[PDB]
Protein chains: 4
Amino acid sequence: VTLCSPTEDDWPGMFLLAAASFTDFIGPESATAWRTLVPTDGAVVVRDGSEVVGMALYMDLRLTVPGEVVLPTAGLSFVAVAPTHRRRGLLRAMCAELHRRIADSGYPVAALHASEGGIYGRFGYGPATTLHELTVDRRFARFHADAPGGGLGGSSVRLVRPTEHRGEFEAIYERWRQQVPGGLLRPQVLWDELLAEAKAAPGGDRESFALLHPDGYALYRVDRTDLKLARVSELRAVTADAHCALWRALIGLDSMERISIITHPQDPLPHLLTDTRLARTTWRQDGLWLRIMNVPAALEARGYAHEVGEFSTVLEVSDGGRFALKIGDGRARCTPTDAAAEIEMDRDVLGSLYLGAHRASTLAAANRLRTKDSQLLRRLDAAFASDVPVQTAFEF
Amino acid sequence: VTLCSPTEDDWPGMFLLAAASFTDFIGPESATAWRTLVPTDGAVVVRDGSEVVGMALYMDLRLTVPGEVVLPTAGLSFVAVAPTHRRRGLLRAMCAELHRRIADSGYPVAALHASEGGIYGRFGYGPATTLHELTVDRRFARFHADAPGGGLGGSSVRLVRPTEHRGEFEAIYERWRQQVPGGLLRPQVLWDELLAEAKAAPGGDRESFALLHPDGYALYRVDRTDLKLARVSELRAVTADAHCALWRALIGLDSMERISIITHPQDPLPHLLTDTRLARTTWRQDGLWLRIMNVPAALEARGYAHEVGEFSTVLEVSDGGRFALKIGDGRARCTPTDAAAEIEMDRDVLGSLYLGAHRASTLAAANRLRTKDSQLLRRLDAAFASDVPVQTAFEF
Amino acid sequence: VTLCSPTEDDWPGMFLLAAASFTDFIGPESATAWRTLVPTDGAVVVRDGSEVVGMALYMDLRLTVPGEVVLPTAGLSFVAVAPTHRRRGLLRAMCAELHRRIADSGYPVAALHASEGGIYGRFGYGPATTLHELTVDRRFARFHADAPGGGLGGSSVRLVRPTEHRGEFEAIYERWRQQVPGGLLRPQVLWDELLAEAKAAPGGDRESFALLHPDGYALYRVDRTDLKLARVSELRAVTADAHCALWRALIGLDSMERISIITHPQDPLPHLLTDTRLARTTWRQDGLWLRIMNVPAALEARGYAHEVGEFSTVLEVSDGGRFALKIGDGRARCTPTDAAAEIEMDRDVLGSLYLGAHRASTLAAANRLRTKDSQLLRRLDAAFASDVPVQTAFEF
Amino acid sequence: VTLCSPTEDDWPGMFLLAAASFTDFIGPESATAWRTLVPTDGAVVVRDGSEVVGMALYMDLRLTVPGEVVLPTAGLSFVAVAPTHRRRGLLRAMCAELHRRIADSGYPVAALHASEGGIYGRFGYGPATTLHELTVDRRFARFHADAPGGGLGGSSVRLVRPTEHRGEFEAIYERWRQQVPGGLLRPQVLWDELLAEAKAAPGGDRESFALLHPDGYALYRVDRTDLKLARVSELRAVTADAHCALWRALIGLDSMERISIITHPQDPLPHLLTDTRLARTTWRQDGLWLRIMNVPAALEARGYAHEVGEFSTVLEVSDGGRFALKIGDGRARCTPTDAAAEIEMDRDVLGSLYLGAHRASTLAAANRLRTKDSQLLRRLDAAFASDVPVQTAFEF
Ligand SMILES: CCN(CC)CCNC(=O)CSc1nc(N)c2c3c(sc2n1)CCCC3
Ligand SMILES: CCN(CC)CCNC(=O)CSc1nc(N)c2c3c(sc2n1)CCCC3
Ligand SMILES: CCN(CC)CCNC(=O)CSc1nc(N)c2c3c(sc2n1)CCCC3
Ligand SMILES: CCN(CC)CCNC(=O)CSc1nc(N)c2c3c(sc2n1)CCCC3
């Protein structure tokens, strides 16, 4: 049981573990595209004696954080331990080695999507975005008098084939990801993969269609089994006008009973309708998880709310350092100190605060965040909050 | 078809309409208790020719708003139109008369719980609290190392019969309702009714039990049909310690698979567990709806966030007046003006902002709130936000 | 194993067999009411050695047949064989004795509601009415421009308590039953029983309400478990205006999603709506079964369609006689003959034709009815058809 | 937004709208076959500016009406409005243009299958056939002593592969469609398509088998997911003997629990069994919809019941003309008149009466058909009734 960077000859063994560990695994062909995002020493495997019994890697990503700042991000992925080798310290050993490499390589943050919610907290990852499924019973849906784009004349939205308008989706997404916390750069190879999933599969998913606006798009397909349900896989809108116009078109899918989408808690859709209740929350879950690798770099890199007045405090991260944190004029300065801590929290908690999805006050109430000053709590809440609601880009 | 205040002889007809309109109607005996909260001219009926074909009333309530300010509140309730008399203007006529009476009587706000979400917006009511059902699979639930009250020694929580500890529930609730936005005074007659519902009914609900802490309680019963589900009807906790200790006791209901509760979006429960995902959101809906009757009085009465610096603007409510709004040092001044509006919104939108459940930014994105200044938007968001998360007291 | 008329001392044993044989059995108290409809020698029991192991009886009923003719009808009921004594000839023996008594007493027809559809054909009973369940999704239901009673002014329908308007229901039902084939006289004791079932039961059925028009009524209650479903137990309407007005009121039950009713195949409800499809047929089944006891008397007693021109034929009923049947001017003459048969059928088939629910042509296609002349077939179809659609009165 | 006949270059855009509008759409290959039934100017499209945002067409069909008369019929089909262009008058505009073309081309009737039941009434289409799903629990099914084809010797029914007996199916269907109201000529290209659907699809429908009699056939396949359910896609039988023999063979599918078929309300199947109840009606819906284009031509073309004696009346169709209607000896004469109307109805109502699926009396009770003479009503009922029960041929 030794731990190594994989060679080319290890990858058939890694794909076998992948097929056995991940039910949603698309085979080796699609893996080629994703592999191009893995840097030279971005992967570790565990061999027994040899067969691959453990693997983990990270991908080079670009993540937007509040203030429209783009951080280099290590995207943990393809993590698997063979069912033959559970409870053997393998996950801990692989995660430790990758975090060492990630830290040394100079990434300020790491990120992942969690298969289970009970695993990654102990390795310093905190849930940082919230997925929110809305299901609209579109048969009752009427738009409010106040909703944009309800005037006479032609529609600005076109119904199109995804593969024939790649350039427009790319450009709209690029604009979206740069202005929204949680945004990820989507490289060319992932557009290739996305548009491949758009066509129908024999005994699989139905054909995808697109609704295209100059400042937004929606990709949707009819569900495999529920033929009265349309699933919006992705809706990206840069303006409120685009968002409303796309939803006017989706509600116009008259052969459907229900439209579902995985969105974020601050999606304005409910408020566009005369009956807000028709946009039912059918599902909620953690989206992106963040591990802050370098506390000073991460805290100094993001923007903070201009509304809160300048304040200073001392933050201790458990086994992560202690810092003099000064926030004012939407910027933070974060420097070493041995002064008494005013705020303590584990590393995972900081990840949860970092994009503004969770309030300091809420985490304080669970005692995941410890302070004796409730004024400081309010100031943290306000400072770390995000002007632009945090969203989830794409799963990896 | 005339509109009158009911006499004693109208009430049998009103109870008949009630039994036919409300499936959850407890009969005339329980109605006696609720009736004591209806003031002298708090009710209207419509007769044909005579039989009661329409009714509506309000109750005298006390509602806590941000800054722990308690407002006299007209609680609209018992609203019904006979199925024989739909689409006849009756709801509009009854609501107009009651709003006249409520306004003239000097209530700054009216409030209701909505049977449907598409009805009450046009009468100036906006959803102001959010109900959030969490279902915990308690078989997997483990408390985080950081969670309070996990030390050795005895428990501070007692398992008791509700009817034998009325005084303690009353006193704990009184403390709770005064410090939480959305809190309602629960008068003696509603405690009588609550503790009557606590006992088992033949072929109905099972017996209720209570978990009692010095600074919190939980009332729960096993579900009628799903005998592995415990439903928490009510949990009131004044400290984080009480909240955690009550949840340690609920997770200790070892004969149950699942514990469900209707709570609020900022309930810290998920953060008390090592796996936040185990607290699944199974249901979300509008709670209390508010109609601001008097804009200046309401806006001046509540507290605002101290974090945001002093600012001035001009607010227009559609057919509700235009006001110079000045907010600073957590207080607002709201005075008449004919200066150009910087913010416009319908009356219902203001109700939705008033307890801090919805962000101005979110409503702006749906164009329910119109301004040309995005800095002003951020300032409104921050100012109207509530330090203490808004919760829902009891349905009426 | 002997067969006797029961004495008073046999009835506790009969109630025991009843409770064990019929899940819907209301106990001995309600049985008192039904017992008053059983004539002196209207019942048979089988004892072993003694305990009651078999029973059957008939009740004195009055049944409306086409031409608004009311026949004395033997209503077979309370038929049961102990589970200890199956496959022992007991049903055959009891049915033979009762049919002897019924014939000798001078009833032209016997009738029953069948627990199973495979039992009663061999004893000469044919299904003669069709039950048709319609479920309306009332949220989408809009009335057609052509539908009666859509004008301004007050409603003619009142929402009332059943027990306070007994006289009006009685009188409306009396008018209904006399003008509709399948109508049964409902005696006073069955009104007592019907209005007793109208009140709520602890852990049972919910309270019943009534919609009352001068020329019709509907009795309905919310379903026990599906609280968005209203079940119409009974709707009796003497005019099209009443029928439409009652349905306008039922569609006005705004707290319900669905209204269901057990009606007949020619219920005009679907045609009152702009979307006929909203009245979905969710269930179909045989209603009343008829055994023609005396062929000549039965065939001469009913009216026939005036449209078909006079014709003569020879009808043979298998082991039931052969007859010269002459039909003209809406009347039949039916006399003995030994002339060659032009039409043959079993006795059960004639029962199925008798109220016009089934077409001769349809039964001919199954070869349940044999003739070599297709012109005769068309003439039978037309002659036996009912001007007024056949309906089902009440179960017994 | 202009309205044109499509060119060859419009058809890729039409197929895109089709794939997005119709979930059951087989792609462009199968569309080639259906296209051959569309005449030169049988189609309209709406372009914006260009992309296809609206389309509609008709196909040249031959429809059998009572009296075995075959009418040229315009089969409306492939109707779709883009979800981006709802509530824009497009359906109304396309339907108006096609009806103009259909009328001018000399079709007496148009016909369609309705995606929803609330759409096509306002354009003068009335539901004219009823689909009736029967589900037989074949484990209990026993044939009645009277049922044909229960004697000793060999079976007349063969189990075969559909594709190897095309000629026999074609010839049997041709005989069927010519003698049954609702029958449609099935051209060669639709036989090609039907037999292509008969083979198994990977992750789709299972292989179809055929039961073949000299005077009937049944096509059936095991359901995708319910492997104890056999679905009869099509059963065509020219004699009662064939119908019974095919059902004896279907009940002999001993590996199945249930056989389902979409048939018509007068299917004799229930009467072939000792227990009629085993043939449960699981589903009912409108089949073919008719719009009478030319009232005189349509009414003069069909045969009427010989049983009713000669009578004369005056029929007014709303915005469709007024006519002296004389019916006798199974033929109608229909000529212009300005004499006072004795019968009024909308155009859609006449379509519903035309094949005898709905009774005049029933439509009168809903006030869709207005007369003051109830004798006239009875005469219409009898006259328009169909000797041969109306059935549904194939969907288009
Ligand atoms: C399949 C992994 N899955 C289960 C935990 C996680 C969620 N992933 C997705 O939703 C997009 S599909 C995908 N994603 C990759 N990161 C990858 C990688 C591949 S294939 C591939 N496919 C090869 C090496 C780089 C990572
Ligand atoms: C039954 C009304 N229901 C349906 C819309 C609304 C929700 N109400 C509850 O969840 C508590 S039960 C209750 N509530 C009342 N306000 C009242 C009133 C009564 S009984 C009564 N019971 C008589 C007059 C004052 C209001
Ligand atoms: C209970 C019998 N049931 C099961 C086969 C048949 C259907 N009957 C009903 O839907 C009305 S309840 C009823 N009906 C009776 N005929 C009777 C009789 C009684 S109780 C009674 N209750 C005593 C003797 C006369 C018949
Ligand atoms: C797909 C249309 N569908 C949805 C409303 C209606 C029902 N149609 C069927 O059940 C047989 S499949 C079919 N039918 C056509 N008429 C057509 C036509 C095609 S493909 C085709 N396929 C191209 C032009 C002529 C009509």
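Both ligands and their constituent atoms are indexed starting at 1 by order of listing. Residue numbering restarts at 1 for every chain, and letters A, B, ... go by the order of the sequence lines. For the numbers below, each heavy atom of this structure counts, side chains included, while hydrogens, waters and symmetry mates do not.
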Mutual orientation of the aromatic rings belonging to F394(C) and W34(C) [parallel < 30°, tilted 30-60°, perpendicular > 60°]: perpendicular
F78(C) and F15(C) aromatic ring geometry - parallel, tilted or perpendicular at 30°/60° bounds: perpendicular
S30(B) side chain vs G27(B) backbone, donor-acceptor pair below 3.5 Å: no
Measure and list all N/O to N/O distances between ligand 2 and the protein that fall under 3.5 angstrom.
| from | atom 1 | to | atom 2 | distance (Å) |
| --- | --- | --- | --- | --- |
| ligand 2 | 16 (N) | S77(B) | OG | 2.7 |
| ligand 2 | 16 (N) | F396(B) | O | 2.9 |

Where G54(A) and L17(A) come nearest, the two heavy atoms and their spacing: N-CD2, 3.9 Å
Backbone of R206(C) reached by a side-chain donor or acceptor of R221(C) within 3.5 Å: yes
Donor-acceptor contact present, side-chain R101(A) to main-chain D41(A), <3.5 Å: yes
